[PDB]
Amino acid sequence: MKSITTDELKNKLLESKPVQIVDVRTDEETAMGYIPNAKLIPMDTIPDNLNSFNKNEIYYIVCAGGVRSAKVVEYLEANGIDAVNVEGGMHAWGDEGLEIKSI
């Protein structure tokens, strides 16, 4: 399993190519704030959303604490999608600089 720390993923915000981050937490959780521009695809809906992924990009998978996300990484790699677990999830990322939608 490919893994990245939150520090290393943040560092990618400094790069020109945008990184694809997928937040696989429940809607209840993501409603409290998520990483700007993250795709919000709760884990239990991931098998209904294979179309959101393409075989050309790397997908960084984040959950509350890095456990559900590892399962999604496995699921995605079994479907030919290049996915990387975000170690420590949102616990490590923190609650600062997050987005919530008003509409």
# chains A, B, ... in the order shown; residues from 1 in each chain; ligands from 1

call {"tool": "residues_around", "arguments": {"residues": "residue 71 (chain A)", "least_positions_apart": "6", "cutoff": "12 Å", "atoms": "only C-alpha atoms", "output": "ChimeraX atom specification"}}
result
/A:1,24,43-44,46,61-63,77-78,83-86

call {"tool": "write_last_selection", "arguments": {"atoms": "N, CA and C atoms", "output": "PDB file, in the first residue's frame"}}
result
ATOM      1  N   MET A   1       0.785  -1.283   0.000  1.00  0.00           N
ATOM      2  CA  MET A   1       0.000   0.000   0.000  1.00  0.00           C
ATOM      3  C   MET A   1       0.801   1.310   0.000  1.00  0.00           C
ATOM      4  N   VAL A  24     -13.693  10.146   2.190  1.00  0.00           N
ATOM      5  CA  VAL A  24     -14.609   9.000   2.170  1.00  0.00           C
ATOM      6  C   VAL A  24     -15.385   8.889   3.494  1.00  0.00           C
ATOM      7  N   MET A  43     -17.631   6.291   1.855  1.00  0.00           N
ATOM      8  CA  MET A  43     -17.106   4.977   1.541  1.00  0.00           C
ATOM      9  C   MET A  43     -18.189   4.037   1.084  1.00  0.00           C
ATOM     10  N   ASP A  44     -19.315   4.002   1.788  1.00  0.00           N
ATOM     11  CA  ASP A  44     -20.399   3.081   1.395  1.00  0.00           C
ATOM     12  C   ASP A  44     -21.017   3.360   0.036  1.00  0.00           C
ATOM     13  N   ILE A  46     -18.801   4.356  -2.574  1.00  0.00           N
ATOM     14  CA  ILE A  46     -17.695   4.238  -3.485  1.00  0.00           C
ATOM     15  C   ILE A  46     -17.953   3.231  -4.643  1.00  0.00           C
ATOM     16  N   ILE A  61      -6.631   9.301  -0.584  1.00  0.00           N
ATOM     17  CA  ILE A  61      -7.848   8.931   0.106  1.00  0.00           C
ATOM     18  C   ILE A  61      -7.744   9.266   1.579  1.00  0.00           C
ATOM     19  N   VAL A  62      -8.711  10.051   2.062  1.00  0.00           N
ATOM     20  CA  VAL A  62      -8.703  10.521   3.426  1.00  0.00           C
ATOM     21  C   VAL A  62     -10.033  10.181   4.120  1.00  0.00           C
ATOM     22  N   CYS A  63      -9.918   9.752   5.370  1.00  0.00           N
ATOM     23  CA  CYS A  63     -11.061   9.534   6.243  1.00  0.00           C
ATOM     24  C   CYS A  63     -10.749  10.195   7.594  1.00  0.00           C
ATOM     25  N   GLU A  77      -7.608  -0.099  -5.926  1.00  0.00           N
ATOM     26  CA  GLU A  77      -6.545  -0.799  -6.630  1.00  0.00           C
ATOM     27  C   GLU A  77      -7.036  -2.122  -7.272  1.00  0.00           C
ATOM     28  N   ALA A  78      -8.042  -2.770  -6.680  1.00  0.00           N
ATOM     29  CA  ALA A  78      -8.658  -3.968  -7.286  1.00  0.00           C
ATOM     30  C   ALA A  78      -9.525  -3.656  -8.553  1.00  0.00           C
ATOM     31  N   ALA A  83      -4.402   4.657  -6.079  1.00  0.00           N
ATOM     32  CA  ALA A  83      -4.886   5.329  -4.862  1.00  0.00           C
ATOM     33  C   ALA A  83      -3.852   5.227  -3.805  1.00  0.00           C
ATOM     34  N   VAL A  84      -3.783   6.250  -2.934  1.00  0.00           N
ATOM     35  CA  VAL A  84      -2.737   6.343  -1.899  1.00  0.00           C
ATOM     36  C   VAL A  84      -3.447   6.658  -0.578  1.00  0.00           C
ATOM     37  N   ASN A  85      -3.102   5.959   0.494  1.00  0.00           N
ATOM     38  CA  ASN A  85      -3.744   6.222   1.774  1.00  0.00           C
ATOM     39  C   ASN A  85      -3.129   7.466   2.406  1.00  0.00           C
ATOM     40  N   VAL A  86      -3.980   8.372   2.886  1.00  0.00           N
ATOM     41  CA  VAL A  86      -3.497   9.506   3.724  1.00  0.00           C
ATOM     42  C   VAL A  86      -3.370   9.113   5.223  1.00  0.00           C
TER      43      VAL A  86
END

call {"tool": "closest_atom_pairs", "arguments": {"of": "region 42-81 of chain A", "to": "region 11-18 of chain A", "cutoff": "12 Å", "atoms": "only C-alpha atoms", "output": "JSON lines"}}
result
{"residue": "A:57", "atom": "CA", "partner": "A:18", "partner_atom": "CA", "distance": 10.4}
{"residue": "A:58", "atom": "CA", "partner": "A:18", "partner_atom": "CA", "distance": 10.6}
{"residue": "A:59", "atom": "CA", "partner": "A:18", "partner_atom": "CA", "distance": 10.9}
{"residue": "A:60", "atom": "CA", "partner": "A:12", "partner_atom": "CA", "distance": 11.1}

call {"tool": "write_last_selection", "arguments": {"atoms": "N, CA, C and O atoms", "output": "tab-separated table (two decimals), in the first residue's frame"}}
result
chain	number	residue	atom	x	y	z
A	57	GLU	N	-4.95	9.21	-13.15
A	57	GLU	CA	-4.57	10.04	-12.02
A	57	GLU	C	-4.30	9.23	-10.75
A	57	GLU	O	-4.68	8.08	-10.63
A	58	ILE	N	-3.63	9.86	-9.80
A	58	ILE	CA	-3.41	9.28	-8.49
A	58	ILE	C	-4.43	9.92	-7.57
A	58	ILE	O	-4.62	11.14	-7.63
A	59	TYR	N	-5.09	9.11	-6.73
A	59	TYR	CA	-6.12	9.60	-5.81
A	59	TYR	C	-5.69	9.45	-4.37
A	59	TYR	O	-5.33	8.36	-3.94
A	60	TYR	N	-5.74	10.53	-3.61
A	60	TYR	CA	-5.29	10.50	-2.22
A	60	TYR	C	-6.53	10.38	-1.37
A	60	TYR	O	-7.35	11.27	-1.40

call {"tool": "closest_residue", "arguments": {"among": "A:53, A:89, A:64, A:8", "to": "residue 28 (chain A)", "atoms": "only C-alpha atoms"}}
result
A:64

call {"tool": "select_by_dssp", "arguments": {"residues": "chain A", "states": "helix (DSSP H, G or I)", "output": "VMD selection string"}}
result
chain A and resid 6 to 14 27 to 30 43 to 48 50 to 52 67 to 77 89 to 93

call {"tool": "closest_residue", "arguments": {"among": "A:19, A:98, A:103, A:76", "to": "residue 36 (chain A)", "atoms": "only C-alpha atoms"}}
result
A:98

call {"tool": "atom_distance", "arguments": {"atom1": "CA of residue 33 (chain A)", "atom2": "CA of residue 91 (chain A)"}}
result
12.4 Å

call {"tool": "select_by_dssp", "arguments": {"residues": "chain A", "states": "strand (DSSP E or B)", "output": "list in words"}}
result
residues 3, 4, 20, 21, 22, 23, 34, 39, 40, 58, 59, 60, 61, 62, 82, 83, 84, 85, 86 and 99 of chain A

call {"tool": "closest_residue", "arguments": {"among": "A:90, A:102, A:32, A:97", "to": "residue 68 (chain A)", "atoms": "only C-alpha atoms"}}
result
A:90

call {"tool": "atom_distance", "arguments": {"atom1": "CA of residue 6 (chain A)", "atom2": "CA of residue 69 (chain A)"}}
result
13.3 Å

call {"tool": "closest_residue", "arguments": {"among": "A:30, A:79, A:52, A:5", "to": "residue 93 (chain A)", "atoms": "only C-alpha atoms"}}
result
A:5

call {"tool": "closest_residue", "arguments": {"among": "A:56, A:65, A:29, A:49", "to": "residue 100 (chain A)", "atoms": "only C-alpha atoms"}}
result
A:29
